[PDB]
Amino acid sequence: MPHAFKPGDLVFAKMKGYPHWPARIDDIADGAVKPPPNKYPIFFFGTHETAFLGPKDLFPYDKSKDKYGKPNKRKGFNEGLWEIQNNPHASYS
């Protein structure tokens, strides 16, 4: 059965106005800004941007990739697809 989300989990993450996007749950580094309560730090592959999101917008990657893992015209998406498939746990800073 499912656990709660934890750092390292791979997802597609949904933001308003954008397609479900390859992403991961990040850690929070010592001394860095924490997310609001009930939110997770989401790192979006391809764009390499971070946003704070709750579980309602987080779809587990393995279950969802057959629906959401297709190329997309949006800046950074196809790069993101390659990252989540090929090196999802790398440093992208």
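Counting begins at 1, following the sequence as shown.
Chemist: Given the B-factors recorded for C-alpha atoms, which segment has the greater mean, 20-28 or 73-81?
Modeler: Between 73-81 and 20-28, it is 73-81.
Chemist: For the stretches 30-38 and 46-54, which has the higher mean C-alpha B-factor as given in the deposited record?
Modeler: Stretch with the greater average CA B-factor: 30-38.
Chemist: Classify residue 2 as lowest, middle or highest third according to the C-alpha B-factor given in the PDB entry, relative to its own chain.
Modeler: According to the entry, residue 2 has a C-alpha B-factor in the chain's highest third.
Chemist: For residue 91, does the deposited CA B-factor place it in the lowest, middle or highest third of the chain?
Modeler: Its C-alpha B-factor belongs to the middle third of this chain's values.
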